[PDB]
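Everything on this sheet refers to the single structure shown next.
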Ligand SMILES: [Zn+2]
């Protein structure tokens, strides 16, 4: 049918998330992170983990 | 249980009056206890 | 001194009008003019404002992209712990709005 | 989001003179699917629970 | 513009309603241990930024010590505003409070 | 004007120079109410917690 | 640039502005110029030019 | 249905006589919340003047909507609401964190507020084929763009010439099109049609 | 925190509430629509995160 060939979103999302996850992970793989100091005298550290 | 109490505050459209020690630390306000329990003003001459 | 001044003390902009510390930015001025501090929430896109008296020059500001705005000039600076900005940011992700009442008005 | 914006695009290109009574069930099926998975992606972002 | 005037009048009116007049004061005539510390610190801060000083330094280089000296001679031009829990307040001059 | 100057890389002469301009007047109306600050070492006059 | 040291935190007009006659503008310029005698210098210089015009000159 | 339009200049500039121009000089009372540096603790009025008011002189100010010419009758509002407006001893609340005070003040401002529509006179100081440059009250910049000058006016090498073939000079009368205020100095956009 | 940078404005209370989709759209600096975050040269993808 016509409405039977409407895209079933969740199933398409699987493929689309996979290729985006791969793409995004590889982009970040050779990113280059630049030092940022405050006027304070303070390096700013890029980490998402207060592991105290 | 941060998000629970937060959810409650939002649904009450609550105002935090900022009187508790915790709240003032959150917003960076000088504490109400002790040396924060009064204001200081300067007496200045020649004011007319 | 310990939990603010010597930790994450930060002078930050607020909009006195909507009470936000997240919707302010520096204006981007024409060369020769000086940058000012403005609220993205409280100001109209320039077009939409025309479409509703004359509009003063000091009341228009622009961003980097180039869009012109009218209003949103009721800003100051307050001293807050930086982590407050993070909390407010997370809350707005969840659809929640903090509104700081600042004095003097 | 992009994927739903496409479902919504094909949905408008249905003429109701071809739209069955049975197509009513399938269109609903596709719509439920979209709502559920967008709602899941939002949930996942705000409360992983 | 007309209504900022109104806003100011309201502010100033409520401020006057909160102020407990001098002769109706009812709190301790002693300076509290808290009031003392803050008075010293704050006056020291003002000294560090070239406030006119009301006493002979006699070689002192610590602004806190200068403040202490000023306190001792009762030459600190500061006033403590004590708040009762309803927000009304009593103004007490540093010189008039008994210090110990 | 709020800016900091490091004494770290410096020779004795450069330091002697900066030490002689600690108390120069204001050449700027906007900062005229301020004085310089020296980030001195902690010493025996001091109090810690 | 602007800090809490050189700029009011907020300014509000308390009344509607009242227009002033030339004779008043002149009496004010007069006294304001006298009382104030680098940015201020170059400014009273300009005021001096304005008071000149209000008397009709070059 | 929505009114931000309650920032519309409700002090219209009147036309004059014996004359034809608009008087734009106005006296407005203000309140202002300002810092007082510790060095001024014995001279608070002096300090308010040198820190805040003096820097306003001959600059455009967004709030009074004009150029501030000067000021009269500065008064500090005592934080002690119980004192008489008389006394020369006043209270100024000190910041918790810093030695600075902050007080309210009342003062009177004299303001040159040319709004759009007003009729002004300028002294011509420059004439290109692109604009006429004037100086109002021998102090503030004006400029009439090439196509705000009427169509039958002509140019030469240079200097402008009017409808009847005679050159223009010195005093010129124009109406306010827009007032640019954000630059280094105020500048008026004027028209002749 | 610097004793020579005083602050005049003071926060006196905080109100809790809900962001409307109208507010958000108005204040927003950019609508984000691309799942992809970087390109082959490590630059931000336009309309991306
Ligand atoms: Zn706002």
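Residue numbers (the authors' numbering), protein chains in the order written: chain A, 265 to 316; chain B, 1617 to 1664; chain C, 1090 to 1141, 1151 to 1203; chain D, 393 to 441; chain E, 55 to 154; chain F, 540 to 588; chain G, 12 to 48, 80 to 100; chain H, 14 to 170, 215 to 250; chain I, 1 to 49. In this text, a Cβ means the ideal position worked out from N, Cα and C, and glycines have one as well.
Around the C-beta of residue i, are 16 or more other C-beta atoms found within 10 angstroms, so that it is buried, or is it exposed?
i, result
"residue 43 (chain I)", "exposed"
"residue 396 (chain D)", "buried"
"residue 100 (chain E)", "buried"
"residue 310 (chain A)", "exposed"
"residue 17 (chain G)", "buried"
"residue 155 (chain H)", "buried"
"residue 277 (chain A)", "buried"
"residue 92 (chain E)", "buried"
"residue 24 (chain G)", "buried"
"residue 236 (chain H)", "buried"
"residue 114 (chain H)", "buried"
"residue 39 (chain G)", "buried"
"residue 19 (chain G)", "buried"
"residue 113 (chain E)", "exposed"
Please return the same chain residues whose Cβ sits closer than 8 Å to the Cβ of residue i, not counting the five positions on each side in sequence.
i, result
"residue 106 (chain E)", "none"
"residue 77 (chain H)", "41, 43, 122, 124 and 126"
"residue 33 (chain G)", "96"
"residue 247 (chain H)", "133, 135, 147, 155, 156, 157, 161, 231, 232, 233 and 234"
"residue 581 (chain F)", "587"
"residue 1111 (chain C)", "1183, 1186, 1187 and 1190"
"residue 58 (chain H)", "87 and 89"
"residue 1107 (chain C)", "1128, 1130, 1131 and 1197"
"residue 66 (chain H)", "84, 87 and 120"
"residue 37 (chain I)", "44, 45, 48 and 49"
"residue 21 (chain I)", "none"
Could you compute how far the alpha carbon of residue i sits from the alpha carbon of residue j?
i, j, result
"residue 251 (chain H)", "residue 1167 (chain C)", "Residue 251 (chain H) is absent from the structure shown; chain H starts at 14 and stops at 250."
"residue 572 (chain F)", "residue 1643 (chain B)", "29 Å"
"residue 10 (chain I)", "residue 86 (chain H)", "28 Å"
"residue 26 (chain E)", "residue 85 (chain E)", "Residue 26 (chain E) is absent from the structure shown; chain E starts at 55 and stops at 154."
"residue 37 (chain G)", "residue 93 (chain G)", "6 Å"
"residue 1660 (chain B)", "residue 55 (chain H)", "6 Å"
"residue 426 (chain D)", "residue 274 (chain A)", "7 Å"
"residue 187 (chain E)", "residue 1653 (chain B)", "Any property of residue 187 (chain E) remains undetermined from this structure, which presents chain E solely from 55 to 154."
"residue 1118 (chain C)", "residue 1152 (chain C)", "21 Å"
"residue 304 (chain A)", "residue 578 (chain F)", "12 Å"
"residue 83 (chain H)", "residue 69 (chain E)", "31 Å"
"residue 49 (chain I)", "residue 31 (chain I)", "10 Å"
"residue 62 (chain E)", "residue 1171 (chain C)", "21 Å"
"residue 402 (chain D)", "residue 270 (chain A)", "7 Å"
"residue 1125 (chain C)", "residue 423 (chain D)", "48 Å"
"residue 88 (chain E)", "residue 132 (chain E)", "14 Å"
"residue 317 (chain A)", "residue 1096 (chain C)", "Limits of chain A in this structure are 265 at one end and 316 at the other, which puts residue 317 (chain A) out of reach."
"residue 116 (chain E)", "residue 540 (chain F)", "24 Å"
"residue 566 (chain F)", "residue 45 (chain G)", "25 Å"
"residue 569 (chain F)", "residue 13 (chain G)", "8 Å"
"residue 153 (chain E)", "residue 1651 (chain B)", "16 Å"
So, for residue i: in the same chain, excluding its five sequence neighbours on each side, which residues have a beta-carbon less than 7 Å away from its beta-carbon?
i, result
"residue 1093 (chain C)", "1179"
"residue 151 (chain H)", "136"
"residue 546 (chain F)", "554"
"residue 118 (chain E)", "94 and 98"
"residue 1196 (chain C)", "1186 and 1189"
"residue 60 (chain H)", "49, 50 and 53"
Leaving out the 5 sequence neighbours to the left and right, which residues in its chain are closer than 6 Å to residue i when beta-carbon positions are compared?
i, result
"residue 72 (chain H)", "none"
"residue 45 (chain H)", "118"
"residue 243 (chain H)", "73, 80 and 153"
"residue 62 (chain H)", "none"
"residue 104 (chain H)", "91, 92 and 93"
Listing by chain order, which chain J residues have their CB less than 8 Å from the CB of residue i?
i, result
"residue 1644 (chain B)", "Among the protein chains in the structure shown, which are A, B, C, D, E, F, G, H and I, there is no chain J."
If you measure from the CB of residue i, is any heavy atom of ligand 2 nearer than 7 Å?
i, result
"residue 48 (chain I)", "This structure lacks ligand 2; the ligands present are ligand 1."
Contact the segment 122-142 of chain H vs the segment 26-41 of chain H: 3+ CB pairs below 8 Å: yes
Residues whose Cβ lies closer than 5 Å to any heavy atom of ligand 1, in chain order: C:1104, C:1106, C:1107, C:1128, C:1130 and C:1131
The segment 286-293 of chain A in contact with the segment 140-148 of chain E per 3-pair CB rule at 8 Å: no
Cβ contact (3+ pairs, closer than 8 Å) linking the segment 408-418 of chain D and the segment 554-561 of chain F: no
Segment contact, 8 Å Cβ cut-off, at least three pairs: the segment 1127-1140 of chain C with the segment 216-225 of chain H: no
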